[PDB]
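Novice: Please see the structure below; I have some questions.
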Amino acid sequence: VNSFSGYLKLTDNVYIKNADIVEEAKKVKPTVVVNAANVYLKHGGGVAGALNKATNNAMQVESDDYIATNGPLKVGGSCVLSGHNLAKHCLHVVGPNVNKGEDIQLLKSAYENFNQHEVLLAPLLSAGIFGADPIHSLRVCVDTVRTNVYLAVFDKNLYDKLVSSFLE
Ligand SMILES: CC(C)[C@H](Nc1ncnc2[nH]c(-c3cnn(C)c3C#N)cc12)c1ccc2c(n1)OCCO2
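Here's what the structure looks like:
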């Protein structure tokens, strides 16, 4: 369906909204929802824990079966798995955790995965406890992604800061 509403249009293909990605997935029923994943697909906190709990742990069980047979992802990589009751597919993307010393250069690689999908509902990669500068993450998104991306940022102060910084 991909019926997104209430988003600010930043560029011809990048949109942003102050919202919880889980509530947006429930409302929109998107073709693809992006998970802010880690390499072993352990969906404990942040975006990942919220998406997993909304699937009543079906996402974690599926992720564990994937890791058992294929091993961990690489930083900057991704994996398409089921979207369960939230979306047709979930694109698990691993952005660098610069609070754990991972290279910020891999954030462009992480966003490049979005280009395989015409339209996506996504979080701001490597933000929050992953510790990348969120303004930098938004700029990398705008410069790298060519497909339609709807960013849901669940923090009004951060949303307002990103919008002000971009409108400069
Ligand atoms: C920068 C943050 C505002 C952003 N978080 C979010 N962005 C968008 N929709 C979100 N829903 C929730 C949510 C719903 N219920 N609960 C209990 C939570 C939690 N926690 C968080 C969330 C962000 C984005 C990238 C992340 C990350 N966090 O954490 C590390 C890895 O990469």
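Residues in the sequence shown are numbered consecutively from 3, following the deposited numbering.
Ideal placement from N, C-alpha and C gives every residue a C-beta, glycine not left out.
With a 10 Å radius around its C-beta and 16 neighbouring C-beta atoms as the bar for buried, classify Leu169 as buried or exposed.
Specialist: By one-based count along the sequence shown, residue 169 stands at place 167. When all chains shown are included, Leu169 counts as exposed.
Novice: Can at least three beta-carbon pairs, one atom from the region 49–62 and one from the region 113–120, be found at a separation below 8 Å?
Specialist: no
Novice: For the candidate residues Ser167, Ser166, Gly8, whose alpha-carbon lies nearest to that of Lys19?
Specialist: As a working mapping, residue 19 is identified with position 17 in the sequence shown. Selected option, being the one with the closest Cα: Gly8.
Novice: Quick check: the Cα distance between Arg141 and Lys31, rounded to an integer number of angstroms?
Specialist: Taking the sequence shown and counting its residues from 1, the one referred to as residue 141 is at position 139. Taking the sequence shown and counting its residues from 1, the one referred to as residue 31 is at position 29. Taking the straight line joining both Cα atoms gives about 27 Å.
Novice: Determine the extent of the beta strand (DSSP E) in which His45 is found, giving its start and end residues.
Specialist: Taking the sequence shown and counting its residues from 1, one reaches residue 45 at position 43. First-last for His45: undefined, no H or E at that position.
Novice: Counting Cβ pairs, one atom from each stretch, are 3 or more of them under 8 Å apart for the region 60–71 and the region 37–50?
Specialist: yes
Novice: Specify, as a first and last residue, the run of the alpha helix (DSSP H) that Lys163 falls within.
Specialist: As a position in the sequence shown, residue 163 is number 161, starting the count at 1. It spans 158–168 - the alpha helix (DSSP H) in which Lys163 sits, taken as one unbroken run.
Novice: Could you give the residue range of the alpha helix (DSSP H) that holds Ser84?
Specialist: What you label residue 84 is simply residue 82 of the sequence shown in a count that begins at 1. No alpha helix (DSSP H) contains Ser84, which is instead part of the beta strand (DSSP E) from 80–84.
Novice: Checking the sheet assignment: what are the DSSP bridge partners for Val16?
Specialist: Position 14 of the sequence shown, counting from 1, holds the residue named residue 16. Its beta-bridge partners are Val151.
Novice: At a threshold of 7 Å, does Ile18 count as lining ligand 1 (C-beta to nearest heavy atom)?
Specialist: On the sequence shown, residue 18 is found 16 positions in, with the first residue counted as 1. No, Cβ of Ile18 sits at least 7 Å from all heavy atoms of ligand 1.
Novice: Under a three-way DSSP split, which group does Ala38 fall into?
Specialist: Sequence index remark: in the sequence shown, residue 38 carries index 36 (1-based). Strand.
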